[PDB]
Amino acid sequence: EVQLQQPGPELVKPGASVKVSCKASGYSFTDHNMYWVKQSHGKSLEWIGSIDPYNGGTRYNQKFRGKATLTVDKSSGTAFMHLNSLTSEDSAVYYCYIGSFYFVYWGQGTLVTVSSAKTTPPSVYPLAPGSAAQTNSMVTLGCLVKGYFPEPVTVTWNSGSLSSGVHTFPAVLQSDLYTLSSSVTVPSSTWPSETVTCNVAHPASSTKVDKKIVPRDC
């Protein structure tokens, strides 16, 4: 089945370049043009350009000419978008996608952050109720994911098998560091008697942490 796999997030210094890839499978590669699209935080979408794997021809949005260069490597079915002279204006999710009358398929996008600030792994802190407890109710637990750069982190609960009751809040940026929290709500009869664990992944620093929530010690 059709897949467009794009790599994970990129942090780049101002003035540098980045090359984002889009690996295609599950269909005949030359059947479809590959479109590239920019989504900046809270702005709309911008078509960057397209490339046609059949003949290698390219078409560019004039606003991106001189800045984006589209190539394909047919031997691995991979399209590439090279972006030079990067500034913070270029921080965005970059997408590749294909389409026809019959379907449209987008890749998951590659977040590119253009910043001078350094990568910093998160500190992960369990949030457990202060000695208060309750009977026959719900209990809300949490995880504080503090002091990291760049975005994103991913947070799951019990490796993602706890789904309902979960709120993961958008990170806040302060002085070159992000902080977010996540809460989970489970019946009081299931915790602390059954384990609840917060899983935090920070791909930019290759950080993976599991923080079990344990009752506060008085």
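One rule holds for the numbers: they count along the sequence shown, beginning at 1.
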Practice item. Would you tell me which stretch averages the higher CA B-factor in the PDB entry, 185 to 193 or 58 to 66? Key: 185 to 193
Point to revise | Comparing 12 to 20 with 201 to 209, the one whose average Cα B-factor in the PDB entry is higher | key: 201 to 209
Revision key, fill the gap. From the entry's CA B-factor values, the highest among 152, 170, 42, 49 is 42
Review point. Looking at 101, 148, 125, 94, which has the highest Cα B-factor in the entry?
Key: 125
Exercise for review: Pull the Cα B-factor of residue 53 out of the PDB entry and bin it into the chain's lowest, middle or highest third.
Suggested key: lowest
Revision key, fill the gap. Chain-relative C-alpha B factor for residue 143 (record values, thirds): the middle
Review point. Can you tell me which third, lowest, middle or highest, the CA B-factor of residue 133 falls into for its chain?
Key: highest
Revision key, fill the gap. By the entry's values, the third containing the CA B factor of residue 75 is the highest
Check your understanding: In terms of the CA temperature factor given in the entry, to which third of its chain does residue 36 belong: lowest, middle or highest?
Key -> lowest
